[PDB]
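Count residues from 1 along the sequence.
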Amino acid sequence: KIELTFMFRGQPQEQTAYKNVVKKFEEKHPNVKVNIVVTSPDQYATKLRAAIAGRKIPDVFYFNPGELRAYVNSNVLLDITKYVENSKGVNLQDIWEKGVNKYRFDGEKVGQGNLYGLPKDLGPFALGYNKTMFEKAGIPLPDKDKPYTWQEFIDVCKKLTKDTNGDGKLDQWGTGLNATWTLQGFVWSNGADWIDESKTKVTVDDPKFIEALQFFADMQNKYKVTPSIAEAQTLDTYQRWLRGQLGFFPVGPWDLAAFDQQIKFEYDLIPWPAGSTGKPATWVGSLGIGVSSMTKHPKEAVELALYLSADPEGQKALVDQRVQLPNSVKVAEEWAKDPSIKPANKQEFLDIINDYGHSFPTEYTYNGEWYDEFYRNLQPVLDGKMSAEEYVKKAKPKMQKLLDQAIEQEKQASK
Ligand SMILES: OC[C@@H]1O[C@@H](OC[C@@H]2O[C@@H](O)[C@H](O)[C@H]2O)[C@H](O)[C@H]1O
Ligand SMILES: [Ca+2]
């Protein structure tokens, strides 16, 4: 007799996994029916923004931690603190503190106070390598703890780049990294960032940032350890990694089901190569599961969010279906130590969460438009048509104006 709308995003395997777990929820709560609105990851932001613009908000939905403050100011998210406190034996204290705290807001700052969402997951973005490829080539395996230097990384990528079937054409490459998701680690491990410590000034014109961005573009254009521009257009590097054509490619826990189904070679996880700091860097993603401020059924809505985030049965089903690592810290630690579950070094995921992972810069700002503008016009750098130095000088004032507006608009919306 109760109906909830649950809006979310995922790759195909994730959609299937969450749809299955929602059916489990419906079995446990036969009086609640959940109507699903699901999109691809790239389509999600536009569809959720449209729902919010029309004040027709789904009862339960994924959202970006960087939107928390804005969503609170516009009364989008219900304060679910009391519903969670009164809930049957769930203890958020077993859940990653870093995850829980992204969705707390005390009226002034994120990280403390009332709960406005529950963590879907934490998403450490690790580096994978193709072990089959290394062993066929006779190249010593990467170390599981000590990062390659950038020069060492290029050296091995060059050794992996070859014509394996002897037809005269390269058909295997060291890597093929997507700047949207992998530039951050090179920037951060080189002691740079998109914005300063105060999170109010754009710093992409830092020589350290420029060096990292130029090195990144140089993998394709100068060192030539990737498929060509045309080859990547023909078949993107994610697909080429699945087919066993690339030595290195990132791995997130959300990839594991897809990789189980499609990857036939052996692969394992390693630290990212490190720049001038000598310390590896990468990001830890997260999404929140929120409840509409306007929902007619707040108890049931929070029960669904809890079932996906913290309930041992709901969580076990998600982890079993290989679309995330456990939200419970103790369960995650035991998971990582189980050698029957691959990759062998899935401990690297926890090392990222605990030690060397960072947040996206937009998690700190009121909106992310300033950062989207950096990426919007980045491709000529990546394809060698414009230098990193020339681009960041051009982009910086456009980014700064947008960041300044985010800062101001925060002041005006929180009155
Ligand atoms: O394109 C391959 C895909 O991109 C990387 O993941 C980035 C991002 O994170 C998830 O939340 C979204 O599904 C995805 O677009 C990974 O390399 C791979 O999943
Ligand atoms: Ca060939």
Within this structure, what is the [atom1]-[atom2] distance for the pair [X] and [Y], rounded to the nearest 0.5 Å?
| X | Y | atom1 | atom2 | result |
| --- | --- | --- | --- | --- |
| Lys201 | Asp404 | NZ | CG | 5.5 Å |
| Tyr18 | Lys23 | OH | NZ | 15.5 Å |
| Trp283 | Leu183 | CH2 | CG | 13.0 Å |
| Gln184 | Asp193 | CD | CG | 9.5 Å |
| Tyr364 | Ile195 | OH | CD1 | 8.0 Å |

Can you check salt bridge (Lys or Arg N to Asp or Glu O under 4.0 Å) on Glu27 and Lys24, steps first, answer last? CA-CA 5 Å; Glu27 291 183 347; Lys24 294 186 66 170; over 6 Å; no
When you compare the side chain of [Y] with that of [X], does any pair of heavy atoms fall below 4.5 Å?
| X | Y | value |
| --- | --- | --- |
| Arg55 | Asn75 | yes |
| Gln321 | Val21 | yes |
| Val34 | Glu26 | yes |
| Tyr391 | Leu382 | no |

Only residue of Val302, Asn86, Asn114 satisfying side-chain contact (heavy atoms from CB on, under 4.5 Å) with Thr81 is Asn114
Pairing donors with acceptors under 3.5 angstrom, does anything connect the side chains of [X] and [Y]?
| X | Y | result |
| --- | --- | --- |
| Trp272 | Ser189 | no |
| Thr180 | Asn178 | yes |
| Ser276 | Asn190 | yes |
| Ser387 | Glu390 | no |
| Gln245 | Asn130 | no |
| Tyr307 | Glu313 | yes |

Specify whether [X] and [Y] have parallel, tilted or perpendicular ring planes, treating 30° as the upper limit for parallel and 60° as the lower limit for perpendicular.
| X | Y | result |
| --- | --- | --- |
| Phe125 | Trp254 | parallel |
| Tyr148 | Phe153 | tilted |
| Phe360 | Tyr371 | perpendicular |
| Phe374 | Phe209 | perpendicular |

Give a yes or no on this: more than 12 heavy atoms of other residues, nucleotides or ligands lie within 6.0 Å of atom [atom1] of [X].
| X | atom1 | result |
| --- | --- | --- |
| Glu152 | CD | yes |
| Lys47 | NZ | yes |
| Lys342 | NZ | no |

Could you go step by step and tell me if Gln324 and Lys120 meet the side chain to side chain donor-acceptor pair (under 3.5 Å) rule? CA-CA 9 Å; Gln324 76 174 62; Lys120 174 206 176 301; 3.2 Å; yes
Margin query: Checking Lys337 against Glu333 for the salt bridge (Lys or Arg N to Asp or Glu O under 4.0 Å) test, could you report, in this order, the C-alpha distance in whole Å, the side-chain angles of both residues, the deciding distance, and whether it holds?
Written below: CA-CA 7 Å; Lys337 289 172 195 176; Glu333 283 166 0; 5.8 Å; no
Inset, instruction - Please test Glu348 against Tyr356 for side chain to side chain donor-acceptor pair (under 3.5 Å), starting from the C-alpha separation and ending with a verdict. - result: CA-CA 10 Å; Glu348 199 70 25; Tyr356 69 94; 2.6 Å; yes
* Asked: For the side chain of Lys296 and the backbone of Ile2, is there at least one donor-acceptor N/O pair under 3.5 Å apart?
  -> no
With no hydrogens and no angle check, is any side-chain donor or acceptor of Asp236 less than 3.5 Å from a backbone partner on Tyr238? yes
Pair [X] and [Y], ring centroids less than 6.0 Å apart:
| X | Y | answer |
| --- | --- | --- |
| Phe134 | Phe265 | no |
| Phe63 | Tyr103 | yes |
| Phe215 | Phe186 | yes |

* Any ion pair linking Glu389 and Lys393 (charged N to carboxylate O, less than 4.0 Å)? -> yes
